[PDB]
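Dropping data-v1.pdb in here (PDB, C-alpha atoms (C1' of nucleotides)):
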```pdb
MODEL        1
ATOM      1  CA  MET A   1     -19.675 -95.559 -11.410  1.00  0.00           C
ATOM      2  CA  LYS A   2     -21.301 -98.827 -10.325  1.00  0.00           C
ATOM      3  CA  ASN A   3     -22.272 -98.252  -6.702  1.00  0.00           C
ATOM      4  CA  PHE A   4     -24.922 -95.684  -7.651  1.00  0.00           C
ATOM      5  CA  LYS A   5     -27.356 -95.183 -10.535  1.00  0.00           C
ATOM      6  CA  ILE A   6     -29.449 -92.383 -12.005  1.00  0.00           C
ATOM      7  CA  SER A   7     -32.448 -91.564  -9.844  1.00  0.00           C
ATOM      8  CA  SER A   8     -35.909 -91.998 -11.336  1.00  0.00           C
ATOM      9  CA  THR A   9     -37.044 -88.572 -10.101  1.00  0.00           C
ATOM     10  CA  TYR A  10     -34.173 -86.848 -11.913  1.00  0.00           C
ATOM     11  CA  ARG A  11     -34.849 -88.936 -15.029  1.00  0.00           C
ATOM     12  CA  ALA A  12     -38.519 -87.891 -15.002  1.00  0.00           C
ATOM     13  CA  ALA A  13     -37.483 -84.256 -14.433  1.00  0.00           C
ATOM     14  CA  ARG A  14     -35.096 -84.287 -17.302  1.00  0.00           C
ATOM     15  CA  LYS A  15     -37.631 -86.088 -19.502  1.00  0.00           C
ATOM     16  CA  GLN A  16     -40.495 -83.615 -19.138  1.00  0.00           C
ATOM     17  CA  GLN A  17     -38.449 -80.490 -18.706  1.00  0.00           C
ATOM     18  CA  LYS A  18     -37.085 -81.350 -22.191  1.00  0.00           C
ATOM     19  CA  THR A  19     -33.504 -80.478 -21.270  1.00  0.00           C
ATOM     20  CA  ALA A  20     -32.161 -82.938 -23.865  1.00  0.00           C
ATOM     21  CA  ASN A  21     -33.977 -80.950 -26.578  1.00  0.00           C
ATOM     22  CA  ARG A  22     -31.733 -77.929 -25.865  1.00  0.00           C
ATOM     23  CA  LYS A  23     -28.219 -79.340 -26.061  1.00  0.00           C
ATOM     24  CA  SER A  24     -25.166 -77.078 -26.119  1.00  0.00           C
ATOM     25  CA  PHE A  25     -22.150 -78.081 -28.209  1.00  0.00           C
ATOM     26  CA  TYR A  26     -18.453 -77.391 -27.711  1.00  0.00           C
ATOM     27  CA  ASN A  27     -15.234 -77.678 -29.682  1.00  0.00           C
ATOM     28  CA  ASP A  28     -12.045 -79.334 -28.413  1.00  0.00           C
ATOM     29  CA  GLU A  29     -11.190 -76.252 -26.319  1.00  0.00           C
ATOM     30  CA  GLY A  30     -14.554 -76.337 -24.524  1.00  0.00           C
ATOM     31  CA  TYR A  31     -16.086 -73.295 -26.237  1.00  0.00           C
ATOM     32  CA  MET A  32     -19.748 -73.083 -27.205  1.00  0.00           C
ATOM     33  CA  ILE A  33     -20.335 -73.624 -30.859  1.00  0.00           C
ATOM     34  CA  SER A  34     -23.419 -73.926 -33.101  1.00  0.00           C
ATOM     35  CA  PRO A  35     -24.644 -77.470 -33.971  1.00  0.00           C
ATOM     36  CA  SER A  36     -23.578 -76.972 -37.610  1.00  0.00           C
ATOM     37  CA  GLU A  37     -19.943 -76.271 -36.746  1.00  0.00           C
ATOM     38  CA  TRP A  38     -20.037 -79.027 -34.128  1.00  0.00           C
ATOM     39  CA  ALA A  39     -21.167 -81.490 -36.805  1.00  0.00           C
ATOM     40  CA  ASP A  40     -18.561 -80.174 -39.175  1.00  0.00           C
ATOM     41  CA  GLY A  41     -15.773 -80.601 -36.556  1.00  0.00           C
ATOM     42  CA  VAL A  42     -16.953 -84.073 -35.530  1.00  0.00           C
ATOM     43  CA  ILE A  43     -17.041 -85.209 -39.176  1.00  0.00           C
ATOM     44  CA  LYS A  44     -13.590 -83.712 -39.768  1.00  0.00           C
ATOM     45  CA  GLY A  45     -12.216 -85.381 -36.631  1.00  0.00           C
ATOM     46  CA  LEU A  46     -11.357 -82.134 -34.839  1.00  0.00           C
ATOM     47  CA  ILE A  47     -13.998 -82.722 -32.099  1.00  0.00           C
ATOM     48  CA  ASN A  48     -14.628 -85.835 -30.015  1.00  0.00           C
ATOM     49  CA  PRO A  49     -18.392 -86.410 -30.390  1.00  0.00           C
ATOM     50  CA  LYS A  50     -18.713 -88.068 -26.975  1.00  0.00           C
ATOM     51  CA  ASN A  51     -17.573 -85.457 -24.430  1.00  0.00           C
ATOM     52  CA  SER A  52     -18.535 -82.262 -26.260  1.00  0.00           C
ATOM     53  CA  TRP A  53     -22.183 -81.569 -25.460  1.00  0.00           C
ATOM     54  CA  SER A  54     -24.406 -80.754 -22.485  1.00  0.00           C
ATOM     55  CA  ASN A  55     -28.033 -81.577 -21.641  1.00  0.00           C
ATOM     56  CA  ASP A  56     -29.114 -78.049 -20.579  1.00  0.00           C
ATOM     57  CA  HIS A  57     -29.947 -77.798 -16.857  1.00  0.00           C
ATOM     58  CA  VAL A  58     -32.612 -79.399 -14.677  1.00  0.00           C
ATOM     59  CA  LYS A  59     -34.092 -77.065 -12.071  1.00  0.00           C
ATOM     60  CA  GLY A  60     -35.094 -77.714  -8.504  1.00  0.00           C
ATOM     61  CA  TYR A  61     -32.092 -79.235  -6.653  1.00  0.00           C
ATOM     62  CA  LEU A  62     -33.332 -82.790  -7.179  1.00  0.00           C
ATOM     63  CA  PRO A  63     -30.988 -85.649  -6.203  1.00  0.00           C
ATOM     64  CA  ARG A  64     -29.448 -86.796  -9.457  1.00  0.00           C
ATOM     65  CA  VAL A  65     -28.369 -90.197  -8.176  1.00  0.00           C
ATOM     66  CA  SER A  66     -29.706 -93.058  -6.006  1.00  0.00           C
ATOM     67  CA  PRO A  67     -27.958 -96.103  -4.466  1.00  0.00           C
ATOM     68  CA  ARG A  68     -27.759 -99.237  -6.596  1.00  0.00           C
ATOM     69  CA  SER A  69     -28.663-102.640  -5.230  1.00  0.00           C
ATOM     70  CA  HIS A  70     -27.502-106.214  -5.766  1.00  0.00           C
ATOM     71  CA  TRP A  71     -28.353-109.725  -4.567  1.00  0.00           C
ATOM     72  CA  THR A  72     -26.589-111.261  -1.574  1.00  0.00           C
ATOM     73  CA  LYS A  73     -25.771-114.964  -1.438  1.00  0.00           C
ATOM     74  CA  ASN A  74     -29.113-115.869   0.166  1.00  0.00           C
ATOM     75  CA  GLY A  75     -31.159-113.960  -2.419  1.00  0.00           C
ATOM     76  CA  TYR A  76     -31.789-110.819  -0.362  1.00  0.00           C
ATOM     77  CA  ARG A  77     -31.310-107.323  -1.739  1.00  0.00           C
ATOM     78  CA  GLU A  78     -28.563-105.048  -0.457  1.00  0.00           C
ATOM     79  CA  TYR A  79     -26.995-101.707  -1.352  1.00  0.00           C
ATOM     80  CA  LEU A  80     -23.769-102.209  -3.284  1.00  0.00           C
ATOM     81  CA  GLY A  81     -21.539-100.010  -1.142  1.00  0.00           C
ATOM     82  CA  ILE A  82     -23.123-100.393   2.302  1.00  0.00           C
ATOM     83  CA  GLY A  83     -21.138-103.434   3.391  1.00  0.00           C
ATOM     84  CA  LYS A  84     -17.742-102.894   1.777  1.00  0.00           C
ATOM     85  CA  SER A  85     -17.675 -99.215   2.811  1.00  0.00           C
ATOM     86  CA  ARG A  86     -14.807 -99.492   5.390  1.00  0.00           C
ATOM     87  CA  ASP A  87     -12.942-102.035   7.558  1.00  0.00           C
ATOM     88  CA  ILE A  88     -10.517 -99.988   9.724  1.00  0.00           C
ATOM     89  CA  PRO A  89     -11.205 -96.706  11.668  1.00  0.00           C
ATOM     90  CA  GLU A  90      -8.199 -95.061   9.942  1.00  0.00           C
ATOM     91  CA  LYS A  91      -6.440 -94.616  13.349  1.00  0.00           C
ATOM     92  CA  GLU A  92      -6.198 -90.775  13.783  1.00  0.00           C
ATOM     93  CA  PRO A  93      -6.525 -87.894  14.910  1.00  0.00           C
ATOM     94  CA  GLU A  94      -3.602 -85.890  16.210  1.00  0.00           C
ATOM     95  CA  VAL A  95      -4.202 -83.647  19.219  1.00  0.00           C
ATOM     96  CA  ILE A  96      -1.894 -80.662  18.667  1.00  0.00           C
ATOM     97  CA  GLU A  97      -1.025 -78.733  21.826  1.00  0.00           C
ATOM     98  CA  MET A  98      -1.858 -75.029  21.166  1.00  0.00           C
ATOM     99  CA  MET A  99      -2.824 -73.667  24.590  1.00  0.00           C
ATOM    100  CA  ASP A 100      -0.968 -70.441  23.677  1.00  0.00           C
ATOM    101  CA  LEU A 101      -3.497 -69.132  21.165  1.00  0.00           C
ATOM    102  CA  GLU A 102      -5.613 -65.995  21.517  1.00  0.00           C
ATOM    103  CA  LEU A 103      -9.083 -66.932  20.312  1.00  0.00           C
ATOM    104  CA  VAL A 104     -11.593 -64.464  18.932  1.00  0.00           C
ATOM    105  CA  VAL A 105     -15.106 -64.298  20.407  1.00  0.00           C
TER
ATOM    106  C1'   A B   1      86.175   2.452 -70.518  1.00  0.00           C
ATOM    107  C1'   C B   2      77.777   1.994 -67.244  1.00  0.00           C
ATOM    108  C1'   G B   3      77.609   7.753 -59.961  1.00  0.00           C
ATOM    109  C1'   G B   4      80.123   2.830 -60.937  1.00  0.00           C
ATOM    110  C1'   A B   5      82.634  -2.010 -57.689  1.00  0.00           C
ATOM    111  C1'   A B   6      82.099  -4.882 -53.275  1.00  0.00           C
ATOM    112  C1'   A B   7      77.509  -5.412 -48.891  1.00  0.00           C
ATOM    113  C1'   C B   8      71.705 -11.147 -46.104  1.00  0.00           C
ATOM    114  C1'   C B   9      67.496  -6.093 -43.161  1.00  0.00           C
ATOM    115  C1'   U B  10      70.826 -10.073 -40.242  1.00  0.00           C
ATOM    116  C1'   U B  11      71.839 -12.091 -34.948  1.00  0.00           C
ATOM    117  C1'   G B  12      69.018 -13.820 -29.897  1.00  0.00           C
ATOM    118  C1'   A B  13      63.293 -14.580 -28.182  1.00  0.00           C
ATOM    119  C1'   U B  14      58.404 -21.411 -26.020  1.00  0.00           C
ATOM    120  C1'   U B  15      51.745 -17.568 -27.660  1.00  0.00           C
ATOM    121  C1'   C B  16      53.687 -19.245 -22.056  1.00  0.00           C
ATOM    122  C1'   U B  17      51.859 -19.303 -16.445  1.00  0.00           C
ATOM    123  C1'   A B  18      46.857 -20.639 -13.250  1.00  0.00           C
ATOM    124  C1'   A B  19      41.897 -23.261 -13.757  1.00  0.00           C
ATOM    125  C1'   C B  20      38.100 -30.687 -11.622  1.00  0.00           C
ATOM    126  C1'   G B  21      32.653 -29.985 -17.535  1.00  0.00           C
ATOM    127  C1'   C B  22      31.455 -29.408 -11.889  1.00  0.00           C
ATOM    128  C1'   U B  23      26.831 -28.740  -7.934  1.00  0.00           C
ATOM    129  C1'   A B  24      21.322 -31.187  -6.605  1.00  0.00           C
ATOM    130  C1'   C B  25      18.098 -35.686  -8.355  1.00  0.00           C
ATOM    131  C1'   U B  26      15.371 -43.290  -5.329  1.00  0.00           C
ATOM    132  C1'   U B  27      14.157 -46.311 -12.647  1.00  0.00           C
ATOM    133  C1'   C B  28       9.736 -44.707  -9.009  1.00  0.00           C
ATOM    134  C1'   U B  29       3.994 -45.531  -8.550  1.00  0.00           C
ATOM    135  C1'   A B  30      -1.039 -49.588  -7.688  1.00  0.00           C
ATOM    136  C1'   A B  31      -1.183 -55.213  -8.787  1.00  0.00           C
ATOM    137  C1'   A B  32      -2.760 -62.949  -4.279  1.00  0.00           C
ATOM    138  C1'   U B  33       0.255 -67.037 -10.265  1.00  0.00           C
ATOM    139  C1'   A B  34      -5.003 -66.753 -10.095  1.00  0.00           C
ATOM    140  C1'   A B  35     -10.497 -68.068 -12.082  1.00  0.00           C
ATOM    141  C1'   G B  36     -14.344 -71.558 -14.257  1.00  0.00           C
ATOM    142  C1'   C B  37     -16.252 -78.076 -13.104  1.00  0.00           C
ATOM    143  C1'   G B  38     -21.049 -78.101 -16.934  1.00  0.00           C
ATOM    144  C1'   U B  39     -23.476 -82.550 -18.921  1.00  0.00           C
ATOM    145  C1'   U B  40     -23.672 -87.804 -18.889  1.00  0.00           C
ATOM    146  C1'   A B  41     -22.853 -92.000 -16.163  1.00  0.00           C
TER
ENDMDL
END
```

Give the structure from the file, written as structure tokens.
Amino acid sequence: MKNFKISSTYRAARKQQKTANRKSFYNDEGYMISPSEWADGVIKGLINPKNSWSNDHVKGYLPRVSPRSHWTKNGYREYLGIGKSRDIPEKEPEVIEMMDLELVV
RNA sequence: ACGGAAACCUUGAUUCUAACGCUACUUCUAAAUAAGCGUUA
């Protein structure tokens, strides 16, 4: 994930909805566990501490992610993925002949 | 040195002929190999 970054609106929403203050923890099978047993499993090695917790939920359907920018050769700004998005029109499509087909109104 | 001696209750005979442990009965009834994708970036 390099073309996009975390949006500032979502970061502000998460910050002052305090969703990181209400984390949920999981064991290696992805089942909700109390923070005490999560700590005990992480210390024992039975849980990977990295991918085993969630930052609650942010409400309001905000865009989580915004395009990231970089510097072109002349010092102008540009979106990272705008210019290397595509080069060929992928050929396609295929026009299948299906004149014998009863459509439904 | 006896109402005593001698004398097979014996011979020949198939407990045999005929007869289906048989008639009827669905291993049957419902059921998508399918559901969840969070949070961080």

Output as lines of an AutoDock Vina configuration file the centre and edge lengths (Å, one decimal) of the box along x, y and z of the file that holds every listed atom of stretch 30-40 of chain B after adding 5 Å on each side.
```
center_x = -11.7
center_y = -68.7
center_z = -11.6
size_x = 33.9
size_y = 48.2
size_z = 24.6
```

Wanna dump the chain B-chain A contacts at 10 Å for me, each residue with its shortest atom pair and the distance in Å to one decimal, counting all atoms listed in the file, ordered by chain and number, as a tab-separated table?
```
residue	atom	partner	partner_atom	distance
B:38	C1'	A:54	CA	7.0
B:39	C1'	A:54	CA	4.1
B:40	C1'	A:54	CA	7.9
B:41	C1'	A:1	CA	6.7
```

What does the PyMOL selection byres ((chain A and resi 68-84) around 7) select in this file, as a JSON list (two decimals) with C-alpha atoms, in the coordinates of the input?
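Wrote result-v7.json, looks like this:
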```json
[["chain", "number", "residue", "atom", "x", "y", "z"],
["A", 3, "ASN", "CA", -22.27, -98.25, -6.70],
["A", 4, "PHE", "CA", -24.92, -95.68, -7.65],
["A", 5, "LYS", "CA", -27.36, -95.18, -10.54],
["A", 66, "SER", "CA", -29.71, -93.06, -6.01],
["A", 67, "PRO", "CA", -27.96, -96.10, -4.47],
["A", 85, "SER", "CA", -17.68, -99.22, 2.81],
["A", 86, "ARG", "CA", -14.81, -99.49, 5.39]]
```

What do you get, as a PyMOL selection string, if you spell out every residue that the PyMOL selection byres ((chain A and resi 29) around 12) selects here?
chain A and resi 25-28+30-33+46-48+51-52

So what do you get for atom CA of residue A:10 versus atom CA of residue A:58, distance-wise?
8.1 Å

Just the number, please: distance in Å from atom CA of residue A:64 to atom CA of residue A:22, one decimal.
18.8 Å

Between atom CA of residue A:14 and atom CA of residue A:59, what is the distance, to one decimal in Å?
9.0 Å

Emit stretch 52-75 of chain A of the structure in the block as a file comprising N, CA, C and O atoms, as a PDB file, in the first residue's frame.
```pdb
ATOM      1  N   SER A  52      -3.812  -9.384  15.709  1.00  0.00           N
ATOM      2  CA  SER A  52      -4.773 -10.057  16.574  1.00  0.00           C
ATOM      3  C   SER A  52      -5.624  -9.069  17.354  1.00  0.00           C
ATOM      4  O   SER A  52      -6.142  -9.420  18.418  1.00  0.00           O
ATOM      5  N   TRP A  53      -5.764  -7.839  16.873  1.00  0.00           N
ATOM      6  CA  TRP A  53      -6.595  -6.876  17.568  1.00  0.00           C
ATOM      7  C   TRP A  53      -7.257  -5.942  16.567  1.00  0.00           C
ATOM      8  O   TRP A  53      -6.809  -5.806  15.428  1.00  0.00           O
ATOM      9  N   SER A  54      -8.338  -5.298  17.009  1.00  0.00           N
ATOM     10  CA  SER A  54      -9.132  -4.416  16.165  1.00  0.00           C
ATOM     11  C   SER A  54      -9.373  -3.095  16.877  1.00  0.00           C
ATOM     12  O   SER A  54      -9.496  -3.052  18.096  1.00  0.00           O
ATOM     13  N   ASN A  55      -9.439  -2.019  16.103  1.00  0.00           N
ATOM     14  CA  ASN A  55      -9.654  -0.666  16.625  1.00  0.00           C
ATOM     15  C   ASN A  55     -11.114  -0.244  16.567  1.00  0.00           C
ATOM     16  O   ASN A  55     -11.417   0.799  15.983  1.00  0.00           O
ATOM     17  N   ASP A  56     -11.986  -1.022  17.223  1.00  0.00           N
ATOM     18  CA  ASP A  56     -13.436  -0.762  17.282  1.00  0.00           C
ATOM     19  C   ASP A  56     -14.017  -0.494  15.903  1.00  0.00           C
ATOM     20  O   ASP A  56     -13.646  -1.172  14.941  1.00  0.00           O
ATOM     21  N   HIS A  57     -14.860   0.522  15.758  1.00  0.00           N
ATOM     22  CA  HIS A  57     -15.477   0.883  14.501  1.00  0.00           C
ATOM     23  C   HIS A  57     -15.720   2.383  14.502  1.00  0.00           C
ATOM     24  O   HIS A  57     -16.209   2.940  15.490  1.00  0.00           O
ATOM     25  N   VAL A  58     -15.394   3.024  13.388  1.00  0.00           N
ATOM     26  CA  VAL A  58     -15.678   4.437  13.179  1.00  0.00           C
ATOM     27  C   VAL A  58     -16.990   4.542  12.416  1.00  0.00           C
ATOM     28  O   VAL A  58     -17.195   3.841  11.417  1.00  0.00           O
ATOM     29  N   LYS A  59     -17.888   5.393  12.896  1.00  0.00           N
ATOM     30  CA  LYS A  59     -19.194   5.563  12.286  1.00  0.00           C
ATOM     31  C   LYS A  59     -19.155   6.637  11.207  1.00  0.00           C
ATOM     32  O   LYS A  59     -18.270   7.495  11.174  1.00  0.00           O
ATOM     33  N   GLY A  60     -20.133   6.567  10.311  1.00  0.00           N
ATOM     34  CA  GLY A  60     -20.429   7.658   9.416  1.00  0.00           C
ATOM     35  C   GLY A  60     -20.006   7.532   7.974  1.00  0.00           C
ATOM     36  O   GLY A  60     -20.129   8.522   7.244  1.00  0.00           O
ATOM     37  N   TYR A  61     -19.502   6.367   7.547  1.00  0.00           N
ATOM     38  CA  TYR A  61     -19.201   6.077   6.137  1.00  0.00           C
ATOM     39  C   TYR A  61     -18.158   7.033   5.564  1.00  0.00           C
ATOM     40  O   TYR A  61     -18.222   7.399   4.388  1.00  0.00           O
ATOM     41  N   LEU A  62     -17.231   7.489   6.403  1.00  0.00           N
ATOM     42  CA  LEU A  62     -16.184   8.382   5.939  1.00  0.00           C
ATOM     43  C   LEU A  62     -15.210   7.624   5.041  1.00  0.00           C
ATOM     44  O   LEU A  62     -14.998   6.422   5.224  1.00  0.00           O
ATOM     45  N   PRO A  63     -14.627   8.295   4.045  1.00  0.00           N
ATOM     46  CA  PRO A  63     -13.571   7.656   3.244  1.00  0.00           C
ATOM     47  C   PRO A  63     -12.336   7.430   4.099  1.00  0.00           C
ATOM     48  O   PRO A  63     -11.801   8.363   4.698  1.00  0.00           O
ATOM     49  N   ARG A  64     -11.902   6.177   4.179  1.00  0.00           N
ATOM     50  CA  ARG A  64     -10.787   5.851   5.052  1.00  0.00           C
ATOM     51  C   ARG A  64      -9.449   6.270   4.474  1.00  0.00           C
ATOM     52  O   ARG A  64      -8.442   6.226   5.187  1.00  0.00           O
ATOM     53  N   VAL A  65      -9.390   6.569   3.178  1.00  0.00           N
ATOM     54  CA  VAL A  65      -8.139   6.532   2.426  1.00  0.00           C
ATOM     55  C   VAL A  65      -8.193   7.628   1.356  1.00  0.00           C
ATOM     56  O   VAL A  65      -9.240   7.865   0.747  1.00  0.00           O
ATOM     57  N   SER A  66      -7.066   8.309   1.141  1.00  0.00           N
ATOM     58  CA  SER A  66      -6.926   9.385   0.175  1.00  0.00           C
ATOM     59  C   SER A  66      -5.692   9.151  -0.687  1.00  0.00           C
ATOM     60  O   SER A  66      -4.734   8.517  -0.231  1.00  0.00           O
ATOM     61  N   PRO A  67      -5.693   9.635  -1.939  1.00  0.00           N
ATOM     62  CA  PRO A  67      -4.540   9.409  -2.826  1.00  0.00           C
ATOM     63  C   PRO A  67      -3.269  10.056  -2.308  1.00  0.00           C
ATOM     64  O   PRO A  67      -3.298  11.150  -1.750  1.00  0.00           O
ATOM     65  N   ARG A  68      -2.151   9.363  -2.499  1.00  0.00           N
ATOM     66  CA  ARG A  68      -0.844   9.848  -2.088  1.00  0.00           C
ATOM     67  C   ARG A  68      -0.150  10.508  -3.270  1.00  0.00           C
ATOM     68  O   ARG A  68      -0.339  10.119  -4.424  1.00  0.00           O
ATOM     69  N   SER A  69       0.672  11.501  -2.971  1.00  0.00           N
ATOM     70  CA  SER A  69       1.295  12.308  -3.995  1.00  0.00           C
ATOM     71  C   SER A  69       2.807  12.131  -3.948  1.00  0.00           C
ATOM     72  O   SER A  69       3.373  11.679  -2.949  1.00  0.00           O
ATOM     73  N   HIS A  70       3.455  12.505  -5.047  1.00  0.00           N
ATOM     74  CA  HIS A  70       4.906  12.493  -5.151  1.00  0.00           C
ATOM     75  C   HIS A  70       5.327  13.655  -6.045  1.00  0.00           C
ATOM     76  O   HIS A  70       4.493  14.395  -6.574  1.00  0.00           O
ATOM     77  N   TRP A  71       6.634  13.819  -6.196  1.00  0.00           N
ATOM     78  CA  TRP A  71       7.224  14.902  -6.971  1.00  0.00           C
ATOM     79  C   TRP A  71       7.675  14.373  -8.321  1.00  0.00           C
ATOM     80  O   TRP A  71       8.438  13.411  -8.384  1.00  0.00           O
ATOM     81  N   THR A  72       7.221  15.014  -9.390  1.00  0.00           N
ATOM     82  CA  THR A  72       7.670  14.730 -10.740  1.00  0.00           C
ATOM     83  C   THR A  72       9.046  15.349 -10.958  1.00  0.00           C
ATOM     84  O   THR A  72       9.591  16.028 -10.084  1.00  0.00           O
ATOM     85  N   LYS A  73       9.614  15.127 -12.147  1.00  0.00           N
ATOM     86  CA  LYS A  73      11.018  15.448 -12.376  1.00  0.00           C
ATOM     87  C   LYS A  73      11.255  16.948 -12.402  1.00  0.00           C
ATOM     88  O   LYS A  73      12.374  17.396 -12.137  1.00  0.00           O
ATOM     89  N   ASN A  74      10.218  17.729 -12.684  1.00  0.00           N
ATOM     90  CA  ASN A  74      10.304  19.181 -12.709  1.00  0.00           C
ATOM     91  C   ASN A  74       9.834  19.816 -11.406  1.00  0.00           C
ATOM     92  O   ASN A  74       9.627  21.032 -11.362  1.00  0.00           O
ATOM     93  N   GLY A  75       9.651  19.026 -10.350  1.00  0.00           N
ATOM     94  CA  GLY A  75       9.289  19.571  -9.059  1.00  0.00           C
ATOM     95  C   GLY A  75       7.818  19.854  -8.860  1.00  0.00           C
ATOM     96  O   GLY A  75       7.464  20.555  -7.907  1.00  0.00           O
TER      97      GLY A  75
END
```
